[PDB]
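Have a look at the structure below, then the notes.
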Number of protein chains: 2
Amino acid sequence: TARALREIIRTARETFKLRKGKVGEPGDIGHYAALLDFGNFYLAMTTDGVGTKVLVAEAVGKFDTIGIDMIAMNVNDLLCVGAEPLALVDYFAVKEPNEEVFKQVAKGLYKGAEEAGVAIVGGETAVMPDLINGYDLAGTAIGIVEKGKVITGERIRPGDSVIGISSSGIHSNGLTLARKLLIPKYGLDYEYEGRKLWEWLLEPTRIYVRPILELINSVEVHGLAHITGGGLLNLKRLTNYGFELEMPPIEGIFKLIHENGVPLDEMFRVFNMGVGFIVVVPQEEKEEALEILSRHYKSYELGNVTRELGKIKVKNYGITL
Amino acid sequence: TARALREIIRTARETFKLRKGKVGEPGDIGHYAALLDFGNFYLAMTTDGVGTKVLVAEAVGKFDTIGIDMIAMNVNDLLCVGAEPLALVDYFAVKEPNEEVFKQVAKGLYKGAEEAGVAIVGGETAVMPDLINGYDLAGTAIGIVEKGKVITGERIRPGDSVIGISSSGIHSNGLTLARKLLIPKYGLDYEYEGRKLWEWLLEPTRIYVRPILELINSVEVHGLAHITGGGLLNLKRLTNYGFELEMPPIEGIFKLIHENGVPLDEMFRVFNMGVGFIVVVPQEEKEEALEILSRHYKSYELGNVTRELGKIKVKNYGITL
Ligand SMILES: Nc1ncnc2c1ncn2[C@@H]1O[C@H](COP(=O)(O)OP(=O)(O)O)[C@@H](O)[C@H]1O
Ligand SMILES: Nc1ncnc2c1ncn2[C@@H]1O[C@H](COP(=O)(O)OP(=O)(O)O)[C@@H](O)[C@H]1O
């Protein structure tokens with residue numbers, strides 16, 4: 001998988017030379033977004049899809065929130081270089097042009113766009129039943145960040161404060177594991193802690209644009225990480241310094257998954273475990289950062305960056321990543 | 001499909017207000033690219049996939065050129081608003097992380113990027129065997145066009161000259177019809193004019209960046225159209241005026257399709273029929289435009305813009321669209 005993707009990554013890096021010294025000259029690949037040089041500012045560009053969450057949407061017949069998921073997966077990544085999201089295009093590859101599905105998808109696209117402050121400006125619709133067994137929804141978003149205001153993680157230093165913003169639930173990663181582990185055994189109508197299994201699996205991804213844009217315009221921020229594939233391992237994309245953290249108690253769908261045989265260390269590498277976005281700020285800014293974020297969503301002081309390198313210590317679970 | 005898509009298009013237009021008076025304010029949806037206002041210039045944004053051509057690549061086990069198709073589909077669209085292509089991201093949704101397929105895909109991605117002059121700056125790889133029966137490749141491209149230099153088609157006038165640039169072959173539209181009509185009847189190893197059927201169906205899409213950028217910097221240009229889905233109907237996106245055209249002889253794979261019973265009026269709405277890109281220039285510029293374009297590829301004087309509003313007359317075939 002990494003082996004396969006490395007072939008494309010290598011080729012993409014070779015193509016950087018084609019814009020060397022020209023408008024659009026890129027930074028490196030591998031971060032939450034690509035940065036393209038437009039002189040006084042960078043354009044930030046990112047691409048992501050919903051994933052197999054859309055199979056749960058199709059199973060129950062509820063498509064009016066997967067547009068929120070797709071917008072969230074893109075605009076939340078733009079935030080992680082310090083960019084203001086501006087615009088998005090969607091790529092909708094479908095087995096058939098079902099009018100009711102499209103109507104529902106459009107509802108969630110509007111709600112997500114309004115929350116993120118972005119215009120949906122175009123896209124592609126491909127009807128290909130020979131290739132697509134469902135309704136696959138992906139997109140590409142662009143944002144803007146002033147030169148000198150990019151937030152890469154390079155400024156993260158030992159001692160910095162690490163703050164987590166609560167997720168809304170499972171978001172859009174780990175659904176293949178959750179689907180296969182739980183649906184055949186329990187049924188989509190199984191009730192767990194007051195919600196049906198499909199409600200746990202379909203709850204739309206949280207959009208962090210409003211709290212994060214307020215944060216970065218108020219306090220010094222050293223790193224921003226959207227918690228997606230790889231779970232807490234995404235922190236290692238920002239820095240090689242270590243982390244010492246306390247994570248929230250395991251609740252909801254995450255507890256059901258854990259009780260069905262997924263060990264905790266694997267959980268923290270797959271699921272967001274209740275924290276959808278992590279910010280790293282100088283310890284001098286910690287109280288104000290917590291104050292700002294908490295006005296939008298439940299937020300937690302998780303811990304600190306350490307001089308110890310490359311380790312993520314989840315102290316209250318006794319787990320090291 | 002149109003009634004399904006209408007729901008998403010209506011929502012998209014509703015989100016335009018979210019950037020009203022701000023950086024990134026968009027133009028209207030429906031053209032070959034979205035235009036976003038960045039002050040002195042517009043960013044142009046387009047999204048497109050290869051389509052079921054990838055099933056022919058998978059059938060024969062050759063993905064070495066599908067990346068060219070995806071880059072061409074996107075950069076050729078950017079040209080139609082007058083934009084210089086800058087950068088692209090790819091969306092690769094796959095049934096399995098096949099290292100051989102990915103290495104092959106990477107080869108054509110590099111070749112296409114170099115011919116178009118774009119950097120591949122990022123993307124998304126989604127391994128989703130329950131959702132994808134093959135290797136679906138799409139992407140999003142961005143380009144730049146100066147204010148006052150956008151080519152929308154609004155300048156097209158009756159009497160303007162219409163020039164076609166030859167296609168390389170089938171390009172990336174009509175493959176569903178061609179696959180289902182020809183492959184079971186003839187076999188992928190069927191030889192027609194010295195090429196196997198799979199060679200006809202897999203021939204990579206032509207990239208028009210170099211001829212068109214030279215053209216728009218040399219002569220007055222009123223309209224530019226990449227001949228994709230809908231075939232000649234794409235001309236109607238540029239203008240409400242009519243067209244009087246003579247199309248080239250029906251050759252190669254298009255002749256084989258025609259000889260298997262598809263009517264010509266449908267074929268001119270599905271296939272490019274030998275013309276992959278059409279330019280509309282004032283009559284006074286016709287000879288210079290032909291000289292510039294013909295340096296790069298075989299090009300044709302097709303005909304003229306007329307006052308027969310909304311009609312495309314292919315006079316040498318007796319067809320009206
Ligand atoms: N098919 C691809 N082509 C080019 N770059 C890719 C592709 N898939 C992933 N990438 C790059 O790899 C990095 C990680 O991607 P991904 O695993 O989707 O995580 P994220 O969405 O958090 O960046 C990103 O910088 C992305 O642009
Ligand atoms: N899923 C979608 N979301 C938003 N806009 C779309 C979508 N599908 C198509 N469009 C818009 O409709 C127009 C026609 O698109 P398409 O049929 O792909 O033709 P082309 O690729 O030649 O533009 C384009 O402006 C495109 O941006």
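In the text below, chain A, chain B and the rest are named by the order of the sequence lines, each starting its count at 1. Computed over heavy atoms, backbone and side chain alike; hydrogens, waters and symmetry mates excluded. First listed ligand is number 1; within each ligand, the first listed atom is number 1.
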Quick check on the 6.0 Å ring-centre criterion: do A:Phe63 and A:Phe102 meet it?
no
Take every heavy atom of A:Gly30, measure it against each atom of ligand 1, and state whether any distance is under 4.0 Å.
yes
Nearest non-hydrogen protein atom, atom 24 (C) of ligand 1
A:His31 O, 3.3 Å
Between A:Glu25 and A:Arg19, is there a side-chain N and carboxylate O pair less than 4.0 Å apart?
no
Check whether NZ of the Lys or CZ of the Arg A:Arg206 lies under 6.0 Å from the centre of the six-membered ring of A:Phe277 and within 45 degrees of that ring's axis.
no
Under 4.0 Å from ligand 1, counting heavy atoms only, is it the side chain of A:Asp48, its backbone, both or neither?
side chain
Applying a heavy-atom cut-off of 4.0 Å, say which part of A:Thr47 lies close to ligand 1: side chain, backbone, both or neither.
neither
Protein contact for atom 17 (O) of ligand 2 (heavy atom, distance under 4.0 Å)
no
A:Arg237 touching ligand 1 at heavy-atom level, < 4.0 angstrom:
yes
Is any side-chain heavy atom of A:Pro97 closer than 4.5 Å to a side-chain heavy atom of A:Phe92?
no
Do B:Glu84 and B:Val145 come close enough that some side-chain heavy atom pair is under 4.5 Å?
no
Does the A:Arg237 side chain pair with the main chain of A:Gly153, one donor and one acceptor, at a distance under 3.5 Å?
no
Nitrogen or oxygen of B:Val121 less than 3.5 angstrom from that of ligand 1
no
Within the 4.0 Å heavy-atom cut-off, what B:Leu5 brings close to ligand 2 is side chain
In terms of heavy-atom contacts, does NZ of B:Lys103 have more than 12 from other residues, nucleotides or ligands at under 6.0 Å?
no
Proximal atoms of ligand 2 relative to A:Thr125 (non-hydrogen, under 4.0 Å)
1 (N), 2 (C), 7 (C), 8 (N)
Counting heavy atoms not belonging to A:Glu154, are there more than 12 under 6.0 Å from its CD?
no
Top protein contact for atom 10 (N) of ligand 1, by heavy-atom distance
B:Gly123 O, 3.4 Å
Contacting atoms of ligand 1, where contact means under 4.0 angstrom from a heavy atom of A:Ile29:
4 (C), 5 (N)
Under 4.0 Å from ligand 2, counting heavy atoms only, is it the side chain of B:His226, its backbone, both or neither?
neither
Please check whether B:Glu124 reaches ligand 1 - meaning an N/O of the residue sits under 3.5 Å from an N/O of the ligand, judged on distance alone.
yes
Would a 4.0 Å cut-off, counted as strictly less than, catch a protein heavy atom around atom 20 (P) of ligand 1?
yes
What part of B:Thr228 sits under 4.0 Å from ligand 2 if we count only heavy atoms: the side chain, the backbone, both or neither?
side chain
Side chain, backbone, both or neither: B:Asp77 near ligand 2, heavy atoms under 4.0 Å
side chain
Taking only heavy atoms of A:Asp90 into account, list the atoms of ligand 2 that are under 4.0 Å away from them.
1 (N), 2 (C), 3 (N), 4 (C)
Around B:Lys107, counting heavy atoms of other residues, nucleotides and ligands shown, do more than 12 lie under 6.0 Å from its NZ?
no
So is there a nitrogen or oxygen of B:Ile9 less than 3.5 Å from a nitrogen or oxygen in ligand 2?
no
Should we say atom NZ of A:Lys111 is surrounded by more than 12 heavy atoms from elsewhere, each under 6.0 Å from it?
no
Quick check: do A:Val81 and A:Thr152 have side-chain heavy atoms less than 4.5 Å from each other?
no
